[PDB]
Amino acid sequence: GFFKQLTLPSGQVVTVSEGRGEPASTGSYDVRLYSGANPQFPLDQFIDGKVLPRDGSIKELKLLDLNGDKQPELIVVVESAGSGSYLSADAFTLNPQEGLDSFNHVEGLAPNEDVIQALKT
């Protein structure tokens, strides 16, 4: 099952995981935000987390500023298990001031379509 940990430019830390025991093609994932206050133990100070549906498998995580506040949003990209390989994605805001919140969702994109463009249009 997918698991990845990323340090944000703010020093906060995020993990992204697929749900345990779930099938490959469908289920959920979660995003968990930590303060990262102690770099020796970056998952020691949990702040918030969210669980979302996934229509496929997590393909990649991106950190990119979508709203223009010069801080990156987290984008979780998911690839359909069907032959069409359609992409979906959720974007999240995450910062020390406000915490962790969803920002947008897209789905049904062709394999090679720009997910970031779709989330900004």
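Start at 1 and count along the sequence shown; that's the residue number.
Student: Name the higher of the two by mean Cα B-factor in the PDB entry, 41 to 49 versus 70 to 78.
Tutor: Comparing averages over the C-alpha atoms only gives 70 to 78.
Student: Take the C-alpha B-factors listed in the entry for 15 to 23 and for 97 to 105, compute each mean, and give the stretch with the larger one.
Tutor: Comparing 15 to 23 with 97 to 105, the higher mean C-alpha B-factor belongs to 97 to 105.
Student: Using the temperature factors in the entry, find which of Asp55, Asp65, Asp30, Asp90 has the highest value at its Cα atom.
Tutor: Across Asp55, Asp65, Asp30, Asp90, the entry lists the biggest C-alpha B-factor for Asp65.
Student: Taking only the Cα B-factors deposited for this chain, tell me whether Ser83 sits in the lowest, middle or highest third.
Tutor: As the PDB entry reports it, the C-alpha B-factor of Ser83 lands in the middle third of its chain.
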